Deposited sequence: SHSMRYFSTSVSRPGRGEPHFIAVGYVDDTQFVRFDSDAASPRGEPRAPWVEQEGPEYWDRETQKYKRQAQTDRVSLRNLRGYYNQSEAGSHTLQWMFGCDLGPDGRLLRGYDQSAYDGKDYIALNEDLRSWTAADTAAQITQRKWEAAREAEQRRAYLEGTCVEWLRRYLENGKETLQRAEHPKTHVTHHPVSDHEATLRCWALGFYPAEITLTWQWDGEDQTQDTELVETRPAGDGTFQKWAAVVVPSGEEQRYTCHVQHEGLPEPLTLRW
């Protein structure tokens, strides 16, 4: 299963000019495009090797759309400031994410937006109705219902976007369609005279989805398991670890289990 996603953010700054627009694009867990309004020369640039041979005018179509959604965002922040009867001196944020989630057949699409960190309006799972978070978002729902806005979004989600997502998988098939299994090792740190720490490591895996669990004599353990956020390594892979505290002299009774796409079957580690 593969996906194409986009994330757009706009931050207003009263008294400091006009808002700041940024947008990023992704194929599954691999970014490939970006646009910064505060850049020295704002234009869409490639971040992945499989979009560098696409043509300078596809790169102007893309750029001209980024500059369009930035102007559209400027108006929305003004309307949203009026919807909530908000003062003129405060900064606000407007987030927007959407994508297409295709056996290779199209499955689902999504389109959601947020105002100042909270949910605002979202395209429903049928891609025909909306869900407004409050009364202010009902003003938007009334507008996009009379404009038949949902039908235009569905045309892109189930049409143009599954076309280009299918195309990106062919041009970068050597990296996009190749899972990398995690590389694991276990450490040990004595805390006191009767306490120690066991850390199960998972490095260099792709995609980012992974599960880590500690077990004492075959029973799941989460009362004493520390879990960090899956973090990027900076080279296209990800890392993660999980730590459990144990009585010293009992470390041999603990096992770490790893679940990942690239493994033939789950792992089972000991110190």
property: Coordinate gaps, deposited numbering; result: 103-104
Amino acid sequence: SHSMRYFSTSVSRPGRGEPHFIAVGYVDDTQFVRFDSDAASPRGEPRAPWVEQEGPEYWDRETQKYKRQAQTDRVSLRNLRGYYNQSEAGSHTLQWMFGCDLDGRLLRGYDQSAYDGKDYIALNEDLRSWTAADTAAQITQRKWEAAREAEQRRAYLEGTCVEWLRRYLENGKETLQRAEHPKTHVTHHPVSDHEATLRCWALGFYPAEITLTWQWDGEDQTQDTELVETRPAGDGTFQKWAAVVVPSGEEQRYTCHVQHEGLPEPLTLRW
From here on, numbers count along this sequence of modelled residues.
query: 117-125 or 174-182, whichever carries the higher mean Cα B-factor; finding: 174-182
query: Mean Cα B-factor comparison, 142-150 or 85-93, giving the higher one as deposited; finding: 142-150
query: Member of 134, 163, 73, 111 with the greatest C-alpha B factor (per the PDB record); finding: 163
query: Selection by C-alpha B-factor (highest) of 16, 20, 253, 260; finding: 253
query: Third of chain Cα B-factors occupied by residue 130; finding: highest
query: CA B-factor placement of residue 64, once the chain's modelled residues are sorted into thirds; finding: middle
query: Where the record places residue 196 (Cα B-factor, split into thirds across the chain); finding: middle
query: Among modelled residues of the same chain, the CA temperature factor third for residue 1; finding: highest
query: Lowest, middle or highest third - CA B-factor, residue 222; finding: highest
